[PDB]
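One structure below.
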Amino acid sequence: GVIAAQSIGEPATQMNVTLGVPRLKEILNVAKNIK
Amino acid sequence: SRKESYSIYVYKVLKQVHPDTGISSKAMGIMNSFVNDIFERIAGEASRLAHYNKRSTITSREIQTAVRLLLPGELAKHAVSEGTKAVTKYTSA
Amino acid sequence: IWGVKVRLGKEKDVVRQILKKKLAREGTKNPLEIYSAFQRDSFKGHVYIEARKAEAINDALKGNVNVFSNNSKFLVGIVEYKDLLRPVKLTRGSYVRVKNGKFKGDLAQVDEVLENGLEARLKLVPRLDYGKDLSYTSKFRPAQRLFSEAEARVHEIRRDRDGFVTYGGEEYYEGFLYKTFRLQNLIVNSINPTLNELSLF
DNA sequence: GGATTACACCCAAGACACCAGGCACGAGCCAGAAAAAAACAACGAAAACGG
RNA sequence: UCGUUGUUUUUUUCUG
DNA sequence: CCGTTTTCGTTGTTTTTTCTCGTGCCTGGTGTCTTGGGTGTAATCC
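Structure follows, in structure tokens:
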């Protein structure tokens, strides 16, 4: 579990649809109405 | 004490017919007596008409026919028209 | 009576303001319609005035900076009215404590209450260094001991009676300090004896 | 057609969904370093001074 | 004569 | 000397009025159903 957590989080640190940190944040919180 | 009358209601009716017309207290009492006696007459007529047909409740038609019986032709017809219009307005709305 | 909150500590000032404005407006066309007002020590921050209409109370408090501006007023019950005006054990030979000066915190026995009733004599335990540091305060007082004529004569004076010695205006009788004490400096109630008192007294 | 059994139906009453505002929270990286600053108003004693 | 203890609280400017 | 007074300690203690993002949670008047009795109607008898 921890290994997956770190392996997924770390790449994000190194970075018309919206992609990148905002998209990941939307996904994680399960935003009901994405941008 | 709480001896209810028809003072303010007669005042309002008077204001809508002759808005700038006053009245004395004894005229108000005369109006109260007239209205009460007419109310008693119409209610008694409705009660007797219900008794004649052996119906234990009162609808508006009993009051309509009582007003027809009590008042003469033209006045009874005008009362019928006003009552019908008021009842229909109270029904639809 | 209505109790309107007033500024902390300035309640007697508010009482004085009420009284003096009542005096000054008397006979005018806008007098203060009040009968009697009071403040009690227990009811600190509470101002009570006798009247019949809240307008009189508002007038009395209006124009005072010594009052909380809020009209945080309330009524008083019939039985409760006397409570607000209800105001509410000192005997020689019983043990009392000191709370003032350099001997504060020492149990003592009353010797004699003045005829007027303003100063109460006590039987304290002397705290004497026998002239080691004469050249005090309530934070440098050394240990306590009964006065000893022999030690007092050896280390450091007048004898008026057998066992009585007058030292620096202080009275030492049977090794116990006698002195005039103000009644405000002492309390006769709310005393729990201490271990040293049990050992000695 | 009055009497008589038959019923049409509807409307006020009452139960419930829900409701969009408002209303609050309540969070918002890691480790490390240094210098620089930190309550006080009034009170009654008690030494103080000239009377 | 072994033993032998040294503040908090904030704010600040910094380092990766 | 001694009564007036600042004074060193003590003792006690509040109030003139003066920017971010989101989910979650918490309210009403509304809205729609449906209930029940009573009025409306007519089918039948004689």
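Chains as they are written, first to last, in full-length UniProt numbering: chain A, 1067 to 1081, 1095 to 1114; chain B, 33 to 125; chain C, 226 to 313, 319 to 365, 383 to 403, 406 to 450. Heads up, the beta-carbon is just placed ideally off N, CA and C, and yes, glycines get one too.
(1) Given that a residue counts as buried once 16 or more other Cβ atoms are within 10 Å of its Cβ, and exposed if not, what is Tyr260/C?
(2) Nearest to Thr384/C by alpha carbon, out of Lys287/C, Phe333/C and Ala281/C?
(3) On the premise that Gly228/C lies in contact with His271/C, defined as a C-beta separation below 8 Å, what is that separation, rounded to the nearest angstrom?
(4) Which same chain residues, not among the five before or five after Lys329/C, have their C-beta less than 8 Å away from its C-beta?
(5) Judging by CA-CA distance, which residue of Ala1071/A, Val1100/A and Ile1106/A is the nearest neighbour of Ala1078/A?
(6) Rounded to whole angstroms, what's the CA-CA distance from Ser37/B to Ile74/B? Just pull it up for me.
(7) Give the straight-line distance between the Cα atoms of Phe450/C and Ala338/C, rounded to the nearest whole angstrom.
(8) Residues in its own chain within less than 7 Å of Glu94/B by CB, not counting five upstream and five downstream?
(9) Is it true that the segment 242-254 of chain C meets the segment 280-294 of chain C, where meeting means three or more beta-carbon pairs spaced less than 8 Å apart?
(10) Using C-beta distances below 7 Å, list every residue in its chain close to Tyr360/C, excluding the 5 sequence neighbours before and after it, in chain order.
(11) Have a look at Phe425/C and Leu358/C and give me their C-alpha separation to the nearest angstrom.
(12) Using 8 Å as the cut-off, can you tell me whether the segment 417-432 of chain C makes contact with the segment 345-357 of chain C, which would need three or more C-beta pairs spanning the two stretches below that distance?
(13) Mind checking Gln264/C: buried by the 16 CB within 10 Å criterion, or exposed?
Inspection of the coordinates gives the following:
(1) Counting from one through the third sequence, the residue named residue 260/C turns up at place 35. Around the beta-carbon of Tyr260/C, fewer than 16 other beta-carbon atoms lie within 10 Å, marking it exposed.
(2) Looking up residue 384/C in the third sequence gives position 137. Sorting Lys287/C, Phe333/C and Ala281/C by C-alpha distance to the C-alpha of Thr384/C places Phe333/C at the top.
(3) Residue mapping note: residue 271/C aligns to position 46 of the third sequence, counting from 1. Residue mapping note: residue 228/C aligns to position 3 of the third sequence, counting from 1. At roughly 5 Å, the Cβ-Cβ gap stays under 8 Å, so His271/C and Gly228/C are in contact.
(4) Position 99 of the third sequence, counted from the start, is the residue given in the question as residue 329/C. Taken in chain order, the residues that qualify are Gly335, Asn434, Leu435 and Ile436.
(5) On the first sequence, residue 1078/A is found 12 positions in, with the first residue counted as 1. Among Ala1071/A, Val1100/A and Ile1106/A, the Cα nearest to that of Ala1078/A is on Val1100/A.
(6) Reading the second sequence from its first residue, position 5 is the one you call residue 37/B. Reading the second sequence from its first residue, position 42 is the one you call residue 74/B. Rounded to whole angstroms, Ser37/B to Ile74/B spans 19 Å at the Cα level.
(7) Here residue 450/C is taken as the residue at index 201 of the third sequence, counted from 1. Here residue 338/C is taken as the residue at index 108 of the third sequence, counted from 1. C-alpha separation (whole angstroms): 10 Å.
(8) The residue given as residue 94/B occupies position 62 in the second sequence. Within the same chain, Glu94/B has close Cβ partners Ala78, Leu81 and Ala82.
(9) Enough Cβ pairs lie closer than 8 Å, so yes.
(10) Stepping through the third sequence from its first residue, residue 360/C is reached at position 130. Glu398, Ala399, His402 and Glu403, listed in sequence order.
(11) As a first step, residue 425/C must be located in the third sequence, where it is residue number 176. As a first step, residue 358/C must be located in the third sequence, where it is residue number 128. Taking the straight line joining both Cα atoms gives about 11 Å.
(12) Taking a cut-off of 8 Å on C-beta distances, the segment 417-432 of chain C touches the segment 345-357 of chain C, as three or more cross pairs fall below it.
(13) The count along the third sequence starts at 1 and reaches residue 264/C at position 39. Under this definition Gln264/C is a buried residue.
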